Amino acid sequence: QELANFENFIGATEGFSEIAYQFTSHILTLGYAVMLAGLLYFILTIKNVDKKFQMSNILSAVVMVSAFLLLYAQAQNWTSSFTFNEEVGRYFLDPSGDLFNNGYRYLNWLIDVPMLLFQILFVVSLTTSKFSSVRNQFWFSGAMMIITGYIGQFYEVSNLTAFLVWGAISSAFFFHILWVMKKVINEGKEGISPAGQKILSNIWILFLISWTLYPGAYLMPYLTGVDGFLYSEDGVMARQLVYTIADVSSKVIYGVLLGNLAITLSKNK
Ligand SMILES: *C/C=C(C)/C=C/C=C(C)/C=C/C1=C(C)CCCC1(C)C
Ligand code: NA
């Protein structure tokens, strides 16, 4: 079966029900729509925070631009890649199209991950850690996590062993990032108001959950085993839903909370 991602595989073999095709289209559209809304939010509220914090708002806005453009591209790629067959009454991979391509999302991650990790360092103050050290660790492990993930996904269909091994390597970098971010949160909570500490607690939980959704969605088609319930259009729907929840959470909600933290920090006098 010529296609080499899971979406194309399902599209070429079983096809997508009307519901699966339309749901996925709508959730991807909601994704980019929220980023555009977020972009305007972060621009318009930039004056609500003190100058010293504004780099966080700037980085949120730039993340919104990248996410809007690339998630818009991904959404159009979805609808362009699958076309209705009247005889069967399902949507199949269109040989006339460009085929579904995970590249848009992975590029978004490569760009956004370093900016999301960076931006908290303009709101919290470290204690015993160095800014440059934390930044460098975030950026190195962030890049390596996405690169190794991207290598992995090439083997999603063709070599489950490679897919899982590269995934595990990627997960090692992810665990490093979690370790560093937890340290940043802990140092950030030192020497701020309890209201600020509460927001940071919430940021940590949001970060932990929203970022873990990504490897969840990576594994999704296989979480019920091969020829499992999720090894299907339902796995495709679940993956894209989970990615979209993760995107809104990790980018928009995260940015909103950091803005709220910045506002709170200024209230001590
Ligand atoms: C706005 C986009 C963000 C915050 C993207 C984050 C992406 C990840 C945390 C990806 C993690 C992965 C693993 C930990 C293992 C499987 C491969 C990845 C790349 C999905
Ligand atoms: Na179509």
Side-chain angles (χ1 to χ4, degrees), residues 5 7 11 15-16 20-22 24-26 28-29 31-32 34-35 38 59-60 62-68 70-71 74-85 90-100 102-120 138 141-156 162-178 181 206-223 239 242-255:
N5 49 58
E7 290 81 359
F16 293 108
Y21 172 80
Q22 289 298 346
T24 300
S25 180
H26 293 323
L28 291 181
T29 297
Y32 75 68
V34 166
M35 298 303 164
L59 286 165
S60 286
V62 173
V63 164
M64 291 300 103
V65 173
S66 72
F68 167 68
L70 283 163
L71 289 180
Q74 183 79 89
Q76 311 315 309
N77 175 239
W78 174 260
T79 50
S80 297
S81 292
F82 305 102
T83 207
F84 192 67
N85 175 261
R90 297 173 70 85
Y91 290 84
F92 292 87
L93 186 59
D94 186 352
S96 298
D98 296 317
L99 312 185
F100 187 74
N102 275 310
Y104 297 108
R105 188 174 296 276
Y106 274 84
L107 177 53
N108 174 250
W109 295 350
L110 189 61
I111 295 167
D112 285 358
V113 159
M115 281 190 289
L116 293 167
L117 294 171
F118 196 32
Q119 71 178 121
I120 188 158
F138 273 157
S141 283
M144 284 310 295
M145 177 179 73
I146 300 305
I147 289 168
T148 56
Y150 185 58
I151 293 164
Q153 59 88 36
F154 279 112
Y155 297 112
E156 207 197 334
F163 171 75
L164 291 181
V165 166
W166 282 111
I169 290 163
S170 185
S171 293
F173 288 109
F174 177 44
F175 185 75
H176 182 228
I177 292 166
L178 290 182
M181 180 60 83
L206 174 69
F207 181 87
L208 176 53
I209 296 170
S210 65
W211 282 52
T212 306
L213 289 180
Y214 287 102
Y218 176 94
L219 285 175
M220 183 65 67
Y222 320 104
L223 289 183
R239 167 183 276 183
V242 166
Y243 277 151
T244 301
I245 293 167
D247 291 335
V248 172
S249 298
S250 67
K251 298 178 220 286
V252 181
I253 302 181
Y254 174 79

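Numbers for residues simply follow the sequence, beginning at 1. Values below: every heavy atom of this structure, side chains too, minus hydrogens, waters and symmetry copies. As the structure lists them, so they are numbered: ligands from 1, and atoms in each ligand from 1.
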If you measure from each non-hydrogen atom of [X] to ligand 1, which part falls under 4.0 Å: side chain, backbone, both or neither?
X	result
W211	both
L116	side chain
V113	side chain

Below 4.0 Å from ligand 1: does a non-hydrogen atom of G152 turn up there or not?
no
Would you indicate whether the side-chain heavy atoms of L70 and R105 approach each other to under 4.5 Å?
no
Sub-3.5 Å donor-acceptor pair from the side chain of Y214 to the main-chain atoms of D247, do we have one?
yes
Which of the numbered atoms in ligand 1 are under 4.0 angstrom from any heavy atom belonging to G167?
15 (C)
Enumerate the atoms of ligand 1 whose separation from the nearest heavy atom of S250 is less than 4.0 angstrom.
1 (C), 4 (C)
Of the protein's non-hydrogen atoms, which lies at the shortest distance from atom 18 (C) of ligand 1, and what is that distance?
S170 OG, 4.0 Å
Can you sort out the partners of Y106 under ring-ring contact (aromatic ring centres under 6.0 Å, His included), two or more places apart, ordered by chain and number?
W109, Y150
Are a donor atom and an acceptor atom from the side chains of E156 and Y218 found within less than 3.5 Å of each other?
no
Atoms of protein origin (N, O or S) under 3.0 Å from the Na ion (ligand 2):
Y21 OH, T79 O, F82 O
